[PDB]
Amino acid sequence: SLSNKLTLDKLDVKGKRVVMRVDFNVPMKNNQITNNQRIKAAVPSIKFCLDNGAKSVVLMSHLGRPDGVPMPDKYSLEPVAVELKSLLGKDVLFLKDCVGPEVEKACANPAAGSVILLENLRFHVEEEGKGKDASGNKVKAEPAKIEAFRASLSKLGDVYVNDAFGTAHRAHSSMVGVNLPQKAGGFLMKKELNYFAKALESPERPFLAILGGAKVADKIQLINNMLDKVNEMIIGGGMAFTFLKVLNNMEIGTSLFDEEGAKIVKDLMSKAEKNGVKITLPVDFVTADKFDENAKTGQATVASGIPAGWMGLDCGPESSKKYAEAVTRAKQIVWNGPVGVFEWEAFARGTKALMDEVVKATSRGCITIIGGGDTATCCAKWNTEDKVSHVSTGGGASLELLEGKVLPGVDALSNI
């Protein structure tokens, strides 16, 4: 997987400036970092570079989805710089941009051992290649400016390391576009890829995938290929309402809905039937009159529908029972995406109950893999990081491995 690729343990960094993509896309609440998992996970690679004599380590990441507009009031990485201090035992220089002559000067010839964190890559449309303007109109990036963006990032180091497993499914500029002669996979990239390579070679069966969360447009497009690998799927969280509206003609109110994915729902169900994959969808819900921690709440079922102006933000008790039945049958589980808005206590019961079931499954020998920026925060919140088989820093990235793909961030590394 990385067998063919240059990795950091084989990269001479002595006297070299290292430019490192990392996944510091950490969850935030009340403007605080709620889980430093993804930051801590990159420390081994950073520390290795500094201990083996790197002149500098320049760290670069996105945070959230600002869609190519500078929104430091809301998606700045400065809080991550602070947290990384503590985890490293080294101070960190935070720059307010990631490209341009001022950044290039700050990284051109740093004091020996400097750790530099750049501002959010996605404040530039050239990272993703597309985004929105500040008025919210979709925009494409211009090829020549994408090249200039990649050229600028490439000047910030002499060698490149990608340790950003959580983002490895994204063919973004900082992930596939850095032009330096040595492009090496970091130790987190190696740890995660090696874990999944073995867990996915010959899964214990039944193999259950649990797909929830809120990235519906993206992740509904992964189900088709996953249906060739798994024996059961829970489709919950925000993902479920697109399925229920199409299959059950359910009223879903203002719940998350994907117009494009709705067009393939019946094809996915046909393929699940063809491949013998049991699909478990929720049958009841905790509702809210608005997207707010303190919203008024209600209950609902698929038969009742969700009232107009209301949204389903958690599953209900009968859904938790059905989810639990699927977990009990499983011998291997991969779970990405909470089955409700677990950050808010009114909407956390379904995710907590499913966590309880997954922990119990682990205790009787199920191989249990939970991954994602927010889903791993469930493990931190309820203190189950040591009670499942593997907590991954990749969510969507892990689902694309489950599909059987080579991740773009891996593919772009140097061959041995």
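Start at 1 with the first residue shown and count on from there. Under this definition, the rigid core comprises the largest set of C-alpha atoms superposing within 1.5 Å between the forms.
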Completion exercise
Of the two stretches 35 to 43 and 362 to 370, CA positions deviate more in 5 other deposited structures of this protein after rigid core alignment for 362 to 370
Exercise for the section: Please pick 300 to 308 or 93 to 101, whichever has its Cα atoms farther from the shown form in 5 other deposited structures of this protein after a rigid core fit. Expected result: 300 to 308
Handout entry: Missing-residue flag, residue 339, threshold a third of other entries
Key = no
Exercise for the section: Establish whether the other compared PDB entries of this protein leave residue 233 unmodelled at least a third of the time. Expected result: no
Exercise for the section: Compare the mean C-alpha B-factor of 29 to 37 with that of 53 to 61 as given in the PDB entry, and name the stretch with the higher value. Expected result: 29 to 37
Handout entry: Entry-level comparison of average CA B-factors, 300 to 308 and 161 to 169, reporting the higher stretch
Key = 300 to 308
Practice task
For the C-alpha B-factor as written in the entry, point me to the maximum among 271, 215, 105, 190.
Solution key: 105
Practice task
Please pick out which of 210, 230, 146, 117 has the largest Cα B-factor as recorded in the entry.
Solution key: 146
Handout entry: For residue 322, the third of its chain into which the C-alpha B factor falls
Key = middle
Problem - B-factor third for the C-alpha atom of residue 349 within its chain - result: middle
Exercise for the section: Would you check the entry's CA temperature factor for residue 366 and let me know if it's in the chain's lowest, middle or highest third? Expected result: middle
Problem - Chain-relative CA temperature factor third for residue 253 - result: highest
Handout entry: CA B-factor ranking of residue 336, expressed as a third of its chain
Key = lowest
